[PDB]
Structure formats: C-alpha cells, structure tokens
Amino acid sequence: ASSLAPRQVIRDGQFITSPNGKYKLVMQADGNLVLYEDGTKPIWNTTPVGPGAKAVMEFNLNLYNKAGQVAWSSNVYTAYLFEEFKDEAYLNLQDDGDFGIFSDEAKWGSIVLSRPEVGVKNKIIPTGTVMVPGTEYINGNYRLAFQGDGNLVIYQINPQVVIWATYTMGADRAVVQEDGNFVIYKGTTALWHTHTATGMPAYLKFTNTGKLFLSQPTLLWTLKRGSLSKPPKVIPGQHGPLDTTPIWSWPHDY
C-alpha cells in the first residue's frame, strides 16, 4: 500500500511504499520516521524519539513518543481543525518521493447526514470507473449494483432490502468522471447526475452503512511543497490491492 487511512497507526517497522517501489516511509522501532530511496538511502527523517513510539494519521500525520506526546507533526496550516477531519483525512506517498495529505468534503450524497458517522469505512470507486450492467460492490452488509435493467441500487444484503436507487431504467453505463461529476447515461444521453462538475476528478465513497457519497481530492499539504492554500489539480494514481483510500499523483510545481 502507498497510503494511510484516517486513524491508521504504523509502528515498529511498519511502512508504506510508493507505487513504483522506489520510496519507503517506515516508522522504525527506534522511533524515527524515515523516508528511504531504493531500500538503502535515507533521504528524510523526523530523527528518532526512542522505543515505544508510533505514527498516526489523524488529519495531521503525528509522531507520538512512548509518553503519549506528539513529538513531530506535519502541521498542516488550517483555519479550522474539527475532530471529524481526523476521521476523513488520508495520506499518499507518490513516485517522486513526496507524500501528501488530503481531506475531502462530501460534494453530493445519497442521504444528508445529521452528524458524521463514527467508525464508518468507505469502499472507494476511483476516477474513470465505468460501471456496466452487472457491476457490483460489497462493503459490509451492503451492496451497490448497477443492474441489468440500468437501475443503480444500494441493497442491504441479509435480509435483502432496497435502501436507495436512481431509477435510471435503461441506462447502459455510469461514469465516475475526470470533470468531477458522476453521470448515468443511456449511450451518450445523460439520465441522472450528481451536479458536481468542477474540473477536479471525482471518486465515490460507498460505506458499510449503506450510503454513497461523491468527493474530489483536496490536497492540503506535502512534505516537499508545504501547506497549500488552494488545492492543485491532481490525477488518479496507481492503486494496489491493499490500498483502501483514494490514490493520486501531483506535479512538482506550478
């Protein structure tokens, strides 16, 4: 995996790896968070805080010592840091060795929440996905299906119950677009869309609570670039089977 999920902890030799295999970010047993190139050359570090330490992804990436104090932080410069951002923000380590923290607000959803859902897990449907009748996703006790008949439906599985549906009868594809919109088409006729065309690539979140949301990447900070006041345009990255977050790549500068 090249990424860290909200609230994930790494410690005692656990690491992530860039998609090309060249860069490794490892939270060592001696308490140093170190970025390696080619498995042999350290190119950046926190410097060690000793045994018993860990790194956690919690809006910021924070290194904790054994006493439970924060000893190093990304220190993302932010107007507001609410507690639920800690449940949303994720990190990517990309192919030039930079690593970046994203925190993305729901642009559209199948339901309007009265408060954040605690401990929810999202199955990510990435940019460029083209759903075709017969496509399905399973997260927990819920199933997202783009059906033979063109309907996009969320079912509770056991027992089987319709939770939400588009009623896009006849449709033949549903496309998570580069422009930020999610659109259900018969041929090239648009039958339904999320109204989220902004020019920033879309992805969807399908939850293990039977909900679907669309979000767009919002890069706030990188190790090499610092804090960014406006989010640059990124492009979909190469995910592998252990990645559970969106994966992106970003250019070296403007």
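Numbers for residues come from their place in the sequence shown, where the first is 1.
Comparing 85-93 with 146-154, the stretch with the higher mean C-alpha B-factor in the PDB entry is 146-154. Mean CA temperature factor is higher for 157-165 when stretches 157-165 and 101-109 are set side by side in the entry.
Note on the listed residues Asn45, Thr198, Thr209, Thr218: the highest Cα temperature factor in the record is that of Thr198. Ranking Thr129, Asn139, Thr135, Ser73 by Cα temperature factor from the entry places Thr135 first. Annotation for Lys121: CA B-factor lies in the middle third of the chain's modelled residues. When the modelled residues of the chain are ordered by C-alpha B-factor, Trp250 sits in the middle third.
Sort the chain's modelled residues by C-alpha temperature factor and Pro19 lands in the lowest third, per the entry. In the PDB entry, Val234 places in the middle third of its chain by CA B-factor. Ranked against the other modelled residues of its chain, the C-alpha B-factor of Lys41 as given in the entry falls in the middle third.
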